[PDB]
Structures are given as structure tokens and as C-alpha cells.
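Trainee: I have a structure here, written as C-alpha cells, and I will follow up with some questions on it.
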Amino acid sequence: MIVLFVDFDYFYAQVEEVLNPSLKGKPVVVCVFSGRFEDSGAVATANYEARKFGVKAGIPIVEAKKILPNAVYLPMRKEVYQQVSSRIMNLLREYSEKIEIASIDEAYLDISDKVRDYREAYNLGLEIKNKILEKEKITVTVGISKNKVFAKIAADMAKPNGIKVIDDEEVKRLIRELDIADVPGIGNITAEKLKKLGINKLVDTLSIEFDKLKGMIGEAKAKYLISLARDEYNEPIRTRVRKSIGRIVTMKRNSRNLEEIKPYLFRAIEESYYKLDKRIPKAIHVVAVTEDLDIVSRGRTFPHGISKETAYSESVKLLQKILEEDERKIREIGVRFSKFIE
DNA sequence: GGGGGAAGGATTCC
DNA sequence: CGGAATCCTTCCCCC
Ligand SMILES: Nc1nc2c(ncn2[C@H]2C[C@H](O)[C@@H](COP(=O)(O)OP(=O)(O)OP(=O)(O)O)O2)c(=O)[nH]1
Ligand SMILES: [Ca+2]
Ligand SMILES: [Ca+2]
Ligand SMILES: [Ca+2]
């Protein structure tokens with residue numbers, strides 16, 4: 001089996017450069033302004049000229065400006081990037097019917113019934129890269145291997161504007177030499193848990209009693225890692241379907257006053273329904289971020305679709321249920337809709 | 001005992 | 001900052 005993974009380079013920043021070439025060459029930082037105060041919010045992403053100095057996704061906008069006060073700061077226009085993304089995804093579909101659109105800037109293609117060796121795979125990769133650059137002026141990185149995981153690791157190793165195949169012999173070296181933290185799905189929590197168990201590489205997961213691994217990181221995660229370690233991980237590329245749509249917003253100032261929170265909540269409901277389109281959810285959750293940055297939620301699933309009117313009244317109750325069962329103030333409020341009636 | 005859900009939260013990654 | 005998926009634990013009803 002042959003998997004080709006595509007990951008767009010510094011996506012949001014690069015789309016902005018495509019729409020405004022005068023930006024190419026200088027540091028470009030795409031941000032998500034939270035509105036709490038001047039420059040409050042975070043960096044969604046930045047082009048490589050900016051990353052050289054530490055400005056990257058996730059850092060506070062205020063820290064970014066300290067490092068690169070004269071860079072170009074742009075507000076995130078996610079809708080524009082989404083449409084550019086869709087077009088690129090359609091281009092990729094022209095290379096395989098078996099495509100898994102993982103996120104707004106990445107996808108997996110099962111090109112097994114399209115090519116036979118890694119040679120023809122690599123070449124197909126270059127053609128895909130050329131096609132995208134030519135058509136959307138977007139550079140991307142391609143990773144090729146036997147499964148989704150290593151295809152993705154391959155690209156990570158080739159970033160940016162690269163292409164990289166990880167063949168069977170290297171898959172074995174990685175299992176032995178790859179920091180397990182560098183394995184997709186293994187975050188800081190899980191990685192520290194694995195270190196304590198003496199597991200630093202995929203290979204190590206094979207020298208521990210399963211039940212011990214299971215008990216420490218969970219069944220799903222334990223089996224996942226063991227599969228990879230045994231060089232047996234093999235999940236098929238399949239069409240992913242959105243399972244929830246939501247919106248959470250940061251308020252002007254903290255509060256526990258219902259009348260002061262409701263408009264933010266409703267606005268979130270309004271935006272969520274617009275985005276819902278023709279989808280009808282049977283479930284609703286109201287989400288609150290306390291002053292101490294904790295995230296608390298209360299939801300409800302009914303036996304039928306939720307109308308906007310129902311969403312409004314129910315959401316009010318759930319918020320009321322949150323405030324009554326938590327002494328903290330609310331910093332951010334939102335709603336999420338799921339269990340669609342399709 | 002154990003199947004089948006639902007609710008709330010933990011993690012992870014874009 | 002903030003959108004969203006998967007998986008985990010506890011709680012429940014029920015035969
Ligand atoms: N709001 C927000 N958006 C993010 C964050 N991280 C990534 N994104 C968005 C914007 C990124 O362009 C897009 C793709 O993420 P990657 O993880 O693929 O980063 P990006 O493509 O920007 O750089 P790259 O060349 O892949 O290293 O997802 C984040 O922490 N917050
Ligand atoms: Ca990505
Ligand atoms: Ca990317
Ligand atoms: Ca990691």
C-alpha cells in the first residue's frame with residue numbers, strides 16, 4: 001500500500017501572499033485578535049521569514065510584536081483560506097478517488113491503484129506539487145510511505161516545499177530511532193507519561209506489558225503505538241465527515257451576570273446556525289471558560305432536531321446550570337452543535 | 001455482569 | 001486564539 005500525504009506550507013500566511021504578492025519576502029504574521037485589549041489574541045501562523053525569529057503559531061500577538069515590531073500583521077480571514085483550500089483539494093481528487101481531507105491544509109491519498117513502486121509515487125508527488133503551484137501558486141510539502149502516520153512524518157521531515165518518501169527500511173530505523181514524542185497523536189501529556197514508563201521510542205512499547213501501557217495511556221493509544229511499533233499500523237484513507245459545529249467567544253470582561261453573557265452566547269448561536277447550513281443537530285452543548293482558564297460545559301441531546309428557537313431557550317438553561325454549579329466567573333462563552341440528523 | 005447511551009472532561013493538533 | 005475529533009471515566013437504565 002502506498003500513501004501520499006500533502007501539507008500546504010505556512011498556509012494562511014501563504015494565501016495572503018498569493019492575494020498580495022507585495023507581501024512576499026517580508027515577515028507576515030496572521031493573527032486572531034481576541035479584542036480583550038489592544039493586540040490581545042494569538043498568532044494563527046507566520047511565514048518562514050517570521051519564524052526565523054521565533055514568531056510562530058500559538059504565541060501571543062504582543063510577544064510577536066516585541067520580536068518583530070515591523071512585520072506585517074494581518075487578521076485571519078479563514079473563509080478565504082477555506083475556499084482556496086477546497087480548490088486545492090479538488091485538484092488532488094484528480095489523482096485518486098481514495099482521499100482523506102484531514103484538515104483545512106492537509107490530505108492523504110491512497111495512490112496504490114495508481115502507481116506501483118515508490119519511484120512512480122515520488123514522481124506523482126512532484127507532479128501534484130507542480131500542479132498546485134501552477135494553478136494556485138501555493139507550495140506544499142509531500143510525504144510518502146506505507147501508511148498515514150509515516151506519510152505524515154515524512155512530510156514533517158521535508159518541510160517546507162519538500163517531498164520525502166519513507167521506505168520500509170527507514171520505517172524500521174524510525175521505529176527504533178524516532179523520539180516517540182514525534183509520533184502523531186502523542187502530545188506532551190502522553191509523552192511525559194511514556195517517559196516515566198521508560199518508553200522513549202516506538203520500539204520500547206514492545207517491551208512492556210500491554211495492561212501497564214493501557215492503564216497509563218489508555219487502550220486506544222496503547223494499541224495504536226504497538227501497531228506502529230510492530231510495523232502493522234494500517235488504517236485506510238476514508239472521507240471524514242464534520243461531526244460538530246460551534247463558536248466560542250471571549251467577552252469584554254469577565255462576568256457571572258446572565259444578561260451580560262447572553263448576547264455573546266446568542267451571537268455564538270447565530271453564527272453557529274449560519275455555519276450549520278442545512279444540517280440539523282439533535283445535540284447542544286454550552287461551553288464556558290472560567291476566569292482561571294478552566295473549560296466547563298453542559299449539554300443536552302433531545303430525540304429530534306433542534307430549532308433555533310429551541311437552541312436559544314435550552315442554551316440559556318445550560319448556561320444557568322453552569323453558573324449555578326461553578327463559583328468561578330466566565331471569561332469565554334460558546335455553544336457547540338452535534339449529532340446531526342443526516 | 002454486561003450491553004448501549006449520555007454527560008462532562010482530557011488530549012491532541014491545526 | 002479558538003475550531004473540532006477521538007477517546008476516557010463515571011453514571012444510569014435495564015434484563
Ligand atoms: N488559530 C490557530 N490556527 C492555527 C494554529 N496552528 C495552525 N493553525 C492554522 C493556520 C495554519 O496555517 C494551518 C496549518 O497548520 P500547520 O500546523 O499545517 O502550520 P502552517 O501550515 O501554518 O505551517 P507549516 O509550513 O505546515 O509548518 O492551521 C493555532 O495554533 N491557532
Ligand atoms: Ca498541517
Ligand atoms: Ca501546513
Ligand atoms: Ca508530539
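By convention in this document, the chains of the C-alpha cells carry letters A, B, ... by their order, each chain's residues are numbered from 1, and ligands are numbered from 1 in the order they are shown.
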Please extract the residues at most 6 Å from ligand 1, counting only C-alpha atoms (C1' of nucleotides) and all ligand atoms, and provide them as a PyMOL selection string, using the chain letters and residue numbers of this document.
Mentor: (chain A and resi 8-12+44-45+57-58+105+160) or (chain B and resi 14) or (chain C and resi 1-2)
Trainee: With only C-alpha atoms (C1' of nucleotides) considered, list every residue of chain B at most 10 Å from chain A, as a tab-separated table (two decimals) with N, CA, C and O atoms (P, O5', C5', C4', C3', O3' and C1' of nucleotides), in the first residue's frame.
Mentor:
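Result written to out04.tsv:
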```tsv
chain	number	residue	atom	x	y	z
B	6	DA	P	-27.64	8.75	23.27
B	6	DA	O5'	-27.22	9.49	24.64
B	6	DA	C5'	-28.20	9.60	25.68
B	6	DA	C4'	-27.61	10.27	26.89
B	6	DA	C3'	-26.96	11.59	26.49
B	6	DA	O3'	-27.22	12.55	27.51
B	6	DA	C1'	-25.36	10.21	27.55
B	7	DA	P	-27.03	14.11	27.22
B	7	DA	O5'	-25.95	14.53	28.34
B	7	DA	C5'	-26.25	14.22	29.71
B	7	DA	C4'	-25.01	14.29	30.57
B	7	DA	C3'	-24.24	15.57	30.27
B	7	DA	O3'	-23.81	16.15	31.49
B	7	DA	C1'	-22.82	13.69	30.04
B	8	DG	P	-23.42	17.71	31.53
B	8	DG	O5'	-21.84	17.66	31.81
B	8	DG	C5'	-21.38	17.02	33.01
B	8	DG	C4'	-19.90	16.74	32.95
B	8	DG	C3'	-19.12	17.96	32.46
B	8	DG	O3'	-18.01	18.15	33.31
B	8	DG	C1'	-18.52	16.07	31.21
B	9	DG	P	-17.06	19.43	33.12
B	9	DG	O5'	-15.65	18.72	32.83
B	9	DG	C5'	-15.34	17.53	33.56
B	9	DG	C4'	-14.26	16.72	32.88
B	9	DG	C3'	-13.11	17.61	32.44
B	9	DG	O3'	-11.90	16.91	32.68
B	9	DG	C1'	-13.84	16.33	30.64
B	10	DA	P	-10.51	17.70	32.74
B	10	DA	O5'	-9.54	16.70	31.93
B	10	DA	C5'	-9.59	15.30	32.20
B	10	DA	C4'	-8.86	14.52	31.14
B	10	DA	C3'	-7.55	15.22	30.78
B	10	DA	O3'	-6.55	14.22	30.52
B	10	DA	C1'	-8.91	15.07	28.86
B	11	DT	P	-4.99	14.60	30.62
B	11	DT	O5'	-4.52	14.58	29.09
B	11	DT	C5'	-5.54	14.73	28.09
B	11	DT	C4'	-5.09	14.16	26.78
B	11	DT	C3'	-3.90	14.98	26.28
B	11	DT	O3'	-2.96	14.11	25.64
B	11	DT	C1'	-5.81	15.34	24.87
B	12	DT	P	-1.66	14.73	24.93
B	12	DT	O5'	-2.19	15.06	23.45
B	12	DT	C5'	-2.83	14.02	22.71
B	12	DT	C4'	-3.20	14.48	21.32
B	12	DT	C3'	-2.11	15.42	20.81
B	12	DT	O3'	-1.65	15.03	19.52
B	12	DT	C1'	-4.26	16.45	20.64
B	13	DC	P	-0.34	15.73	18.91
B	13	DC	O5'	-0.96	16.62	17.73
B	13	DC	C5'	-1.93	16.01	16.89
B	13	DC	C4'	-2.62	17.04	16.03
B	13	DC	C3'	-1.59	18.05	15.55
B	13	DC	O3'	-1.81	18.30	14.17
B	13	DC	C1'	-3.40	19.16	16.57
B	14	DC	P	-0.76	19.16	13.32
B	14	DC	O5'	-1.73	20.16	12.53
B	14	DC	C5'	-2.92	19.62	11.94
B	14	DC	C4'	-4.00	20.66	11.73
B	14	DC	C3'	-3.46	21.87	10.97
B	14	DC	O3'	-4.51	22.42	10.18
B	14	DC	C1'	-4.37	22.59	13.00
```
Trainee: Give me, as a ChimeraX atom specification, the contact residues of chain A against chain C at a cut-off of 10 Å, counting only C-alpha atoms (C1' of nucleotides).
Mentor: /A:31-34,40-44,57-61,103,217-221,242-250,336
Trainee: What lies within 10 Å of residue 252 in chain A using only C-alpha atoms (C1' of nucleotides), ignoring chain neighbours under 2 positions off, as an MDAnalysis selection string?
Mentor: chainID A and resid 34:37 249:250 254:255 260:261 264 331:332
Trainee: Using backbone DSSP assignments, extract all alpha helix (DSSP H) residues from range 31-165 of chain A; output them as a PyMOL selection string.
Mentor: chain A and resi 48-51+61-67+78-93+118-136+148-158
Trainee: Near residue 194 in chain A, counting only C-alpha atoms (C1' of nucleotides), which residues have an atom at most 10 Å away, once you skip same-chain residues fewer than 2 positions from it, shown as number ranges by chain?
Mentor: A: 180-181, 186, 188-192, 196-201, 204-205, 213, 216-217
Trainee: Go through range 115-210 of chain A and collect every residue that DSSP, computed from the backbone, puts in strand (DSSP E); the answer should be as a ChimeraX atom specification.
Mentor: /A:140-145,163-165
Trainee: Distance CA of residue 174 in chain A-CA of residue 207 in chain A, one decimal place?
Mentor: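 It comes out at 16.7 Å.
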